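Asks: First the structure, which I've put down as structure tokens, then a few questions once you've had a look.
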Amino acid sequence: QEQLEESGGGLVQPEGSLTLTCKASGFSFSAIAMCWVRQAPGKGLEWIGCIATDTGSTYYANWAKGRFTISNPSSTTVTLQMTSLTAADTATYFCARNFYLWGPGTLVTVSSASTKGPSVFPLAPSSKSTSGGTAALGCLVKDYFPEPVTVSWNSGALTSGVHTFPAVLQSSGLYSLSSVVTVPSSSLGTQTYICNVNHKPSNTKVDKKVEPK
Amino acid sequence: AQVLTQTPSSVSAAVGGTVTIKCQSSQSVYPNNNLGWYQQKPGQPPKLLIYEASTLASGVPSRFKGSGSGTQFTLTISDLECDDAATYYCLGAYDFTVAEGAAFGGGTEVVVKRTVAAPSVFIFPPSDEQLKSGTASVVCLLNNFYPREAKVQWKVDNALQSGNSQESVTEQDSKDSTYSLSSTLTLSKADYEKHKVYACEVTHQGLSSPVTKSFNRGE
Amino acid sequence: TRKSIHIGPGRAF
Ligand SMILES: [Ca+2]
């Protein structure tokens, strides 16, 4: 029943500011420590600070003092205001109640690069598929910025054998990834497979139907 | 100014084995048991395993055991399972009236050892839709293999490619401890339409010899 | 008075 949810992340210009919000559900604050922790892509957890919700008293990591402000505007929200942002601040930001109840995180990306939605291409099953064996098919999600994108198959009805790879940053500065799934080679001509790609940062939703050529 | 040193950076053990992770703090946590241990799988928030140095969080199995006090703590994971493949962190909290209130250790990656498993290999030509835009992506999939090490070679009309491919690898699977890998070859439409045979050649400990998947541009 | 943040459920400080 008790949950936390971070909001307010996204793409922001270098030297800009951003305010994140952490929203409690299923409870309200009663003299607890609400904390902010971040994690740069591929790196470890790093503490930012905590606020005591009854007193408003705050406690920060030495590196964060001054630049990051945690406030408690309501019985169910804390905020993290961050200034003079830099690429070193690109990270997933988590809020936590006493470091045991955690939100899923929200991504902040500090860059001057433009938002760009992906193109979605089919990875078609091979015509040389061994008939009493397994075939592979997939979707190539190419040339987007910033992270993240999500991919599901048949709107979530198909999960077994699904692999969505970590995105790769191209020299262009744009990301691409592939999502693939393995199925019985004799399910190709009778069953329909659709990858559901969502790049929320660019407001892009694409459903691509993958079929043999 | 707080320093919490977590060792080792990585460790591997087989299913049923034991893994030992230590954190040493320059200052004592406050009170002397105020330390937690976390498990984090990719794309998820960290999950509290143990708090107050040795208290189990709800639902956490007893093969996770925390010990220590003050400036020296240990997490011992016994009876290892595939599901334990993850990164683990210690967190200390301190007298904030005299110093920094908290600090994380640097993390420990746990890799689960298992028997060799050969990859199933697949090759994908570029879509006609993409070709219209002047670029061709050719994708090679290596599926559900172990160990992680694998060599992928692209050949175009038998000419070895270099400089025009990138790889992506999944995290170790939580249920069978395997990996999957993609290698994507990027070519201009012009160059793509100059050649016929596109081949992905895979060398891996689990294969009795290199496996090649191929297609002829057009068919 | 409060001296540290309690890691884990239960008391907060
Ligand atoms: Ca830290």
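Residue numbers start at 1 in each chain; chains themselves are named A, B, ... in the order of the structure tokens; ligands are numbered from 1 in the order shown.
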Please report, as a Markdown table, each residue of chain A lying at most 9 Å from chain C, together with the nearest pair of atoms and the separation in Å rounded to one decimal; use only C-alpha atoms, and order rows by chain and ascending residue number.
Replies:
```
| residue | atom | partner | partner_atom | distance |
| --- | --- | --- | --- | --- |
| A:31 | CA | C:12 | CA | 7.3 |
| A:32 | CA | C:12 | CA | 5.1 |
| A:33 | CA | C:12 | CA | 6.1 |
| A:50 | CA | C:5 | CA | 8.5 |
| A:52 | CA | C:12 | CA | 8.8 |
| A:97 | CA | C:8 | CA | 8.6 |
| A:98 | CA | C:7 | CA | 5.6 |
| A:99 | CA | C:7 | CA | 5.8 |
| A:100 | CA | C:8 | CA | 5.1 |
| A:101 | CA | C:9 | CA | 8.4 |
```
Asks: I need the chosen residues saved as a PDB file, in the first residue's frame, with C-alpha atoms.
Replies:
```pdb
ATOM      1  CA  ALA A  31       8.403  12.594  11.769  1.00  0.00           C
ATOM      2  CA  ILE A  32      10.470  10.541   9.299  1.00  0.00           C
ATOM      3  CA  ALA A  33      13.621  11.010   7.193  1.00  0.00           C
ATOM      4  CA  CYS A  50      17.743  13.840   3.822  1.00  0.00           C
ATOM      5  CA  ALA A  52      13.230  15.463   8.658  1.00  0.00           C
ATOM      6  CA  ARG A  97      11.845   6.887   3.307  1.00  0.00           C
ATOM      7  CA  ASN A  98      14.621   6.085   5.804  1.00  0.00           C
ATOM      8  CA  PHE A  99      16.454   4.222   3.035  1.00  0.00           C
ATOM      9  CA  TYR A 100      13.996   1.304   3.092  1.00  0.00           C
ATOM     10  CA  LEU A 101      11.004   2.384   0.950  1.00  0.00           C
TER      11      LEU A 101
END
```
Asks: Compute the set of protein, DNA and RNA residues whose minimum atom distance to ligand 1 is at most 7 Å, using only C-alpha atoms and all ligand atoms, and state it as a PDB file with N, CA and C atoms, in the first residue's frame.
Replies:
```pdb
ATOM      1  N   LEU A  45      25.579   3.920  -6.156  1.00  0.00           N
ATOM      2  CA  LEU A  45      24.659   4.808  -5.458  1.00  0.00           C
ATOM      3  C   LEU A  45      25.430   5.931  -4.775  1.00  0.00           C
ATOM      4  N   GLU A  46      24.849   7.127  -4.764  1.00  0.00           N
ATOM      5  CA  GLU A  46      25.490   8.276  -4.131  1.00  0.00           C
ATOM      6  C   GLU A  46      24.453   9.073  -3.354  1.00  0.00           C
ATOM      7  N   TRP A  47      24.692   9.253  -2.056  1.00  0.00           N
ATOM      8  CA  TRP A  47      23.756   9.988  -1.213  1.00  0.00           C
ATOM      9  C   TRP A  47      23.793  11.484  -1.517  1.00  0.00           C
TER      10      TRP A  47
ATOM     11  N   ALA B 102      25.658  10.264   5.955  1.00  0.00           N
ATOM     12  CA  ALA B 102      25.557   8.933   5.364  1.00  0.00           C
ATOM     13  C   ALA B 102      26.564   8.777   4.239  1.00  0.00           C
ATOM     14  N   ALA B 103      26.828   7.523   3.870  1.00  0.00           N
ATOM     15  CA  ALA B 103      27.706   7.228   2.745  1.00  0.00           C
ATOM     16  C   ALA B 103      27.472   5.799   2.269  1.00  0.00           C
ATOM     17  N   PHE B 104      27.479   5.615   0.948  1.00  0.00           N
ATOM     18  CA  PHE B 104      27.430   4.282   0.353  1.00  0.00           C
ATOM     19  C   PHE B 104      28.836   3.754   0.093  1.00  0.00           C
TER      20      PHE B 104
END
```
Asks: May I ask you to extract the residues of chain B within 7 Å of chain C, using only C-alpha atoms, and to give them as a VMD selection string?
Replies: chain B and resid 30 34 to 36 51 to 52 93 to 97 101
Asks: Any chance you could tabulate, as CSV, the residues of chain A at most 6 Å from chain B with each one's nearest atom pair and distance in Å to one decimal, using only C-alpha atoms, in chain and rising number order?
Replies:
```
residue,atom,partner,partner_atom,distance
A:61,CA,B:100,CA,5.9
A:100,CA,B:48,CA,5.9
A:104,CA,B:45,CA,5.5
A:123,CA,B:124,CA,5.7
A:165,CA,B:170,CA,5.7
```
Asks: Rounded to one decimal, what separation in Å do you get between atom CA of residue B:110 and atom CA of residue B:10?
Replies: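 Answer for the atom CA of residue B:110 to atom CA of residue B:10 separation: 5.9 Å.
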Asks: Which residues are near stretch 183-189 of chain A? Cut-off 6 Å, only C-alpha atoms, ignore same chain within fewer than 6 positions. Put them as a PyMOL selection string.
Replies: chain A and resi 131+133-135
Asks: What does the file look like for those residues with N, CA and C atoms, as a PDB file, in the first residue's frame?
Replies:
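This is the output file result32.pdb:
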```pdb
ATOM      1  N   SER A 131      12.600 -25.940 -39.166  1.00  0.00           N
ATOM      2  CA  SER A 131      11.149 -25.998 -38.968  1.00  0.00           C
ATOM      3  C   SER A 131      10.753 -26.593 -37.614  1.00  0.00           C
ATOM      4  N   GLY A 133      12.482 -26.322 -35.032  1.00  0.00           N
ATOM      5  CA  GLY A 133      13.323 -25.597 -34.109  1.00  0.00           C
ATOM      6  C   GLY A 133      12.808 -24.211 -33.786  1.00  0.00           C
ATOM      7  N   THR A 134      13.726 -23.337 -33.388  1.00  0.00           N
ATOM      8  CA  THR A 134      13.416 -22.010 -32.880  1.00  0.00           C
ATOM      9  C   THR A 134      13.792 -20.953 -33.909  1.00  0.00           C
ATOM     10  N   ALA A 135      12.967 -19.913 -34.003  1.00  0.00           N
ATOM     11  CA  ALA A 135      13.267 -18.746 -34.815  1.00  0.00           C
ATOM     12  C   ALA A 135      13.396 -17.523 -33.916  1.00  0.00           C
TER      13      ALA A 135
END
```
Asks: So that I can see what lies close to residue B:27, please list as a ChimeraX atom specification the residues with an atom at most 9 Å from it, counting only C-alpha atoms and leaving out residues fewer than 3 positions away in the same chain.
Replies: /B:2-4,24,70-71,94
Asks: Keeping only N, CA and C atoms, write the selected residues as a PDB file, in the first residue's frame.
Replies:
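Output saved as selection-v9.pdb:
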```
ATOM      1  N   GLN B   2      33.056  11.354   5.052  1.00  0.00           N
ATOM      2  CA  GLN B   2      32.905   9.951   5.432  1.00  0.00           C
ATOM      3  C   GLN B   2      33.472   9.071   4.328  1.00  0.00           C
ATOM      4  N   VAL B   3      34.137   7.986   4.714  1.00  0.00           N
ATOM      5  CA  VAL B   3      34.709   7.054   3.751  1.00  0.00           C
ATOM      6  C   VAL B   3      34.258   5.649   4.123  1.00  0.00           C
ATOM      7  N   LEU B   4      33.514   5.006   3.223  1.00  0.00           N
ATOM      8  CA  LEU B   4      33.031   3.642   3.428  1.00  0.00           C
ATOM      9  C   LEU B   4      33.564   2.790   2.277  1.00  0.00           C
ATOM     10  N   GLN B  24      34.441  -1.303   5.277  1.00  0.00           N
ATOM     11  CA  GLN B  24      35.180  -0.687   6.369  1.00  0.00           C
ATOM     12  C   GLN B  24      35.005   0.824   6.316  1.00  0.00           C
ATOM     13  N   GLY B  70      30.335  -0.935  14.366  1.00  0.00           N
ATOM     14  CA  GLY B  70      31.214   0.219  14.431  1.00  0.00           C
ATOM     15  C   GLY B  70      31.836   0.623  13.112  1.00  0.00           C
ATOM     16  N   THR B  71      33.020   0.094  12.790  1.00  0.00           N
ATOM     17  CA  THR B  71      33.706   0.471  11.557  1.00  0.00           C
ATOM     18  C   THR B  71      33.947  -0.686  10.598  1.00  0.00           C
ATOM     19  N   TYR B  94      25.741   8.158  10.183  1.00  0.00           N
ATOM     20  CA  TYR B  94      26.729   8.693  11.112  1.00  0.00           C
ATOM     21  C   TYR B  94      26.116   9.794  11.964  1.00  0.00           C
TER      22      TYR B  94
END
```
Asks: Do a neighbour search on residue B:116 at 9 Å with only C-alpha atoms, toss out local chain neighbours closer than 2 positions, and write the hits as a PDB file with N, CA, C and O atoms, in the first residue's frame.
Replies:
```
ATOM      1  N   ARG B 114      28.416 -21.107 -13.838  1.00  0.00           N
ATOM      2  CA  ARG B 114      27.590 -22.222 -14.279  1.00  0.00           C
ATOM      3  C   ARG B 114      28.337 -22.951 -15.391  1.00  0.00           C
ATOM      4  O   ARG B 114      29.439 -22.559 -15.787  1.00  0.00           O
ATOM      5  N   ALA B 118      26.432 -23.019 -25.171  1.00  0.00           N
ATOM      6  CA  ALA B 118      26.697 -22.459 -26.489  1.00  0.00           C
ATOM      7  C   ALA B 118      25.605 -21.459 -26.872  1.00  0.00           C
ATOM      8  O   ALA B 118      24.442 -21.645 -26.514  1.00  0.00           O
ATOM      9  N   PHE B 145      23.955 -17.683 -23.761  1.00  0.00           N
ATOM     10  CA  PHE B 145      25.225 -18.396 -23.695  1.00  0.00           C
ATOM     11  C   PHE B 145      25.958 -18.122 -22.380  1.00  0.00           C
ATOM     12  O   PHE B 145      25.638 -17.195 -21.626  1.00  0.00           O
ATOM     13  N   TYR B 146      26.951 -18.969 -22.097  1.00  0.00           N
ATOM     14  CA  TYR B 146      27.809 -18.815 -20.923  1.00  0.00           C
ATOM     15  C   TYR B 146      29.127 -19.521 -21.213  1.00  0.00           C
ATOM     16  O   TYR B 146      29.103 -20.672 -21.663  1.00  0.00           O
ATOM     17  N   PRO B 147      30.290 -18.914 -20.923  1.00  0.00           N
ATOM     18  CA  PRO B 147      30.494 -17.627 -20.244  1.00  0.00           C
ATOM     19  C   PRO B 147      30.331 -16.407 -21.152  1.00  0.00           C
ATOM     20  O   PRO B 147      30.012 -16.546 -22.331  1.00  0.00           O
ATOM     21  N   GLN B 205      33.372 -20.699 -26.435  1.00  0.00           N
ATOM     22  CA  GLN B 205      33.825 -21.915 -25.761  1.00  0.00           C
ATOM     23  C   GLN B 205      32.842 -23.073 -25.912  1.00  0.00           C
ATOM     24  O   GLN B 205      33.253 -24.239 -25.947  1.00  0.00           O
ATOM     25  N   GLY B 206      31.547 -22.779 -25.995  1.00  0.00           N
ATOM     26  CA  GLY B 206      30.516 -23.800 -26.072  1.00  0.00           C
ATOM     27  C   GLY B 206      30.265 -24.381 -27.444  1.00  0.00           C
ATOM     28  O   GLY B 206      29.495 -25.336 -27.572  1.00  0.00           O
TER      29      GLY B 206
END
```
Asks: Interatomic distance between atom CA of residue B:194 and atom CA of residue B:162?
Replies: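 Straight-line distance from atom CA of residue B:194 to atom CA of residue B:162 works out to 17.1 Å.
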Asks: Neighbours of stretch 199-208 of chain A within 9 Å (only C-alpha atoms; same-chain residues fewer than 2 positions away dropped), as a PyMOL selection string?
Replies: chain A and resi 10-11+115-122+139+144-150+155+193-197+210
Asks: Just N, CA, C and O atoms for this one: save the residues we selected as a compact mmCIF listing (two decimals), in the first residue's frame.
Replies:
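Saved as selection_30.txt:
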```txt
# COMPACT_ATOMS: atom_id res chain seq x y z
N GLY A 10 14.02 14.74 -16.59
CA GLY A 10 14.02 14.97 -18.01
C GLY A 10 15.31 15.61 -18.45
O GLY A 10 16.30 15.66 -17.71
N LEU A 11 15.30 16.12 -19.67
CA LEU A 11 16.46 16.74 -20.30
C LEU A 11 16.54 18.21 -19.91
O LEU A 11 15.54 18.92 -19.99
N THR A 115 16.15 16.70 -28.12
CA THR A 115 15.27 15.54 -28.06
C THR A 115 15.01 15.03 -29.47
O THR A 115 14.78 15.82 -30.40
N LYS A 116 15.06 13.71 -29.64
CA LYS A 116 14.84 13.09 -30.94
C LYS A 116 14.20 11.72 -30.75
O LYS A 116 14.71 10.89 -29.99
N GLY A 117 13.07 11.50 -31.43
CA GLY A 117 12.38 10.23 -31.35
C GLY A 117 13.01 9.18 -32.24
O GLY A 117 13.61 9.50 -33.27
N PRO A 118 12.86 7.90 -31.88
CA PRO A 118 13.53 6.83 -32.62
C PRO A 118 12.80 6.47 -33.91
O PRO A 118 11.62 6.76 -34.11
N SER A 119 13.54 5.80 -34.80
CA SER A 119 12.93 5.03 -35.87
C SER A 119 12.89 3.58 -35.42
O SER A 119 13.76 3.12 -34.68
N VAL A 120 11.86 2.86 -35.86
CA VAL A 120 11.69 1.46 -35.47
C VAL A 120 11.69 0.59 -36.71
O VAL A 120 10.88 0.80 -37.62
N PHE A 121 12.59 -0.38 -36.76
CA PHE A 121 12.72 -1.24 -37.91
C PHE A 121 12.55 -2.70 -37.50
O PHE A 121 12.93 -3.08 -36.38
N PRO A 122 11.99 -3.53 -38.36
CA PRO A 122 11.84 -4.95 -38.02
C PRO A 122 13.14 -5.72 -38.20
O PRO A 122 13.92 -5.47 -39.13
N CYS A 139 13.04 -6.05 -33.04
CA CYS A 139 12.85 -4.67 -33.47
C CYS A 139 14.11 -3.86 -33.18
O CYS A 139 14.66 -3.95 -32.08
N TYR A 144 17.80 7.82 -31.15
CA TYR A 144 16.96 8.59 -30.25
C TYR A 144 17.81 9.23 -29.16
O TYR A 144 18.96 8.85 -28.91
N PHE A 145 17.22 10.25 -28.52
CA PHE A 145 17.86 10.94 -27.41
C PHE A 145 16.77 11.71 -26.69
O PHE A 145 15.89 12.27 -27.35
N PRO A 146 16.78 11.76 -25.34
CA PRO A 146 17.68 11.05 -24.42
C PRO A 146 17.17 9.65 -24.10
O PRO A 146 16.19 9.21 -24.68
N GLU A 147 17.85 8.96 -23.18
CA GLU A 147 17.26 7.78 -22.56
C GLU A 147 16.01 8.19 -21.79
O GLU A 147 15.88 9.35 -21.38
N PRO A 148 15.08 7.25 -21.54
CA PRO A 148 15.05 5.84 -21.94
C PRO A 148 13.99 5.53 -22.98
O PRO A 148 13.14 6.36 -23.25
N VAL A 149 14.04 4.32 -23.54
CA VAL A 149 12.93 3.77 -24.31
C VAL A 149 12.53 2.46 -23.65
O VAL A 149 13.34 1.80 -23.00
N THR A 150 11.26 2.09 -23.81
CA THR A 150 10.77 0.78 -23.39
C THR A 150 10.26 0.03 -24.60
O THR A 150 9.86 0.62 -25.61
N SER A 155 1.86 -6.35 -26.79
CA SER A 155 1.28 -5.50 -25.76
C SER A 155 1.48 -6.06 -24.35
O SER A 155 0.74 -5.72 -23.43
N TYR A 193 3.26 -11.05 -34.26
CA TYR A 193 4.20 -10.49 -33.30
C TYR A 193 4.37 -8.99 -33.56
O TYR A 193 4.72 -8.59 -34.68
N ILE A 194 4.14 -8.19 -32.53
CA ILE A 194 4.21 -6.73 -32.61
C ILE A 194 5.04 -6.22 -31.44
O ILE A 194 4.74 -6.54 -30.28
N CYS A 195 6.07 -5.42 -31.73
CA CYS A 195 6.83 -4.76 -30.67
C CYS A 195 6.23 -3.38 -30.40
O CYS A 195 5.97 -2.61 -31.33
N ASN A 196 6.02 -3.08 -29.12
CA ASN A 196 5.43 -1.82 -28.68
C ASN A 196 6.54 -0.96 -28.08
O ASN A 196 6.97 -1.18 -26.95
N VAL A 197 7.00 0.03 -28.85
CA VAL A 197 8.11 0.90 -28.48
C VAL A 197 7.56 2.21 -27.93
O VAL A 197 6.67 2.82 -28.54
N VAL A 210 6.15 -7.47 -37.00
CA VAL A 210 7.33 -8.17 -37.51
C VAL A 210 6.86 -9.46 -38.17
O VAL A 210 6.21 -10.29 -37.51
```
Asks: Which value, in Å to one decimal, gives the distance between atom CA of residue A:80 and atom CA of residue A:48?
Replies: 9.5 Å
Asks: Leaving out residue A:158 and any residue of its chain fewer than 2 positions from it, which residues lie within 12 Å of it when counting only C-alpha atoms, given as JSON, numbers by chain?
Replies: {"A": [151, 152, 153, 154, 155, 156, 160, 161, 162, 163, 180, 181, 182, 183, 191, 192, 193, 194, 195, 196]}
Asks: Quick one: of A:164, A:19, A:106, A:190, who's nearest to residue A:178, counting only C-alpha atoms?
Replies: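 Closest residue, counting only C-alpha atoms: A:164.
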Asks: DSSP on the backbone: what in stretch 17-115 of chain A comes out strand (DSSP E or B), as a ChimeraX atom specification?
Replies: /A:18-25,33-39,45-52,58-60,68-74,77-82,91-97,101-102,106-110
